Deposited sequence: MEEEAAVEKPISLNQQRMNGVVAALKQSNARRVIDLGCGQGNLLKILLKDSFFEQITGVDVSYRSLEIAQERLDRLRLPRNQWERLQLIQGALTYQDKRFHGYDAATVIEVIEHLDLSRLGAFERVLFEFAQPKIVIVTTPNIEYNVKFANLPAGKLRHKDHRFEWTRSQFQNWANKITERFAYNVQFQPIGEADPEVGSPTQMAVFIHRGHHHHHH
């Protein structure tokens, strides 16, 4: 029950409760979450997106360490691309996951990513997790966000975009500085 494993379980759990079968992982990195989704037949489509070629090659590498039925491999798709660009391949998914990605975006990229995600793609579900820098300080990697910053960011999202947000920490209550990992589950409003 490591921290990362806690994050993944938390994300998979949120996807399932929303019955999000078709998922796109933005900033997929080495494919940690992609490996878990591909192995799980609950998911009907797994797509991972990253701007790094090195990371995508590695993702494909470990994803290949899996043994799966033939029809199961056709669910996977790897795409190189920046998250700040409106890619038509980002449409039609039940959910988009942005895991430990926001902290590594500067101002001239965060705003663009927000539109790409909450306006352009506009999936029904969006799961975002980021490190709680208030936990990393009390229990020692410092450009992370505070619980306040993260929650204001997310609330500001529901003010500009057609979404409502629910917070669900995945780590373990301090219970003074909250859990080590903050998660936000955005659900699109009905029309």
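Missing from the model, relative to the deposited sequence, are the ranges 1-10, 151-161, 213-217.
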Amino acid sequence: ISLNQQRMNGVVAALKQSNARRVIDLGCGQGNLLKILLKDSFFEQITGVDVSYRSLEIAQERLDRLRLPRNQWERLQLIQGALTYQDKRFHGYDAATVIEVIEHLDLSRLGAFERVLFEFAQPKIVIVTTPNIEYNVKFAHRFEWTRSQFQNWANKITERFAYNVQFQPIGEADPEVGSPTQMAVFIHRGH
From here on, numbers count along this sequence of modelled residues.
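When 68-76 is weighed against 115-123, 68-76 comes out higher, by mean CA B-factor as recorded in the entry. Comparing the deposited coordinates for 31-39 and 128-136, the stretch with the larger average C-alpha B-factor is 128-136.
The residue among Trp153, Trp145, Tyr53, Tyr163 whose C-alpha carries the highest B-factor in the deposited model is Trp145. When all modelled residues of the chain are sorted by CA temperature factor, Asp106 is found within the highest third. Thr47 sits in the lowest third of its chain by CA B factor, as recorded in the PDB entry.
Among all modelled residues in this chain, the alpha-carbon of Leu63 has a temperature factor (C-alpha) in the highest third.
In the PDB entry, a CA B factor belonging to the lowest third of its chain's modelled residues is recorded for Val23.
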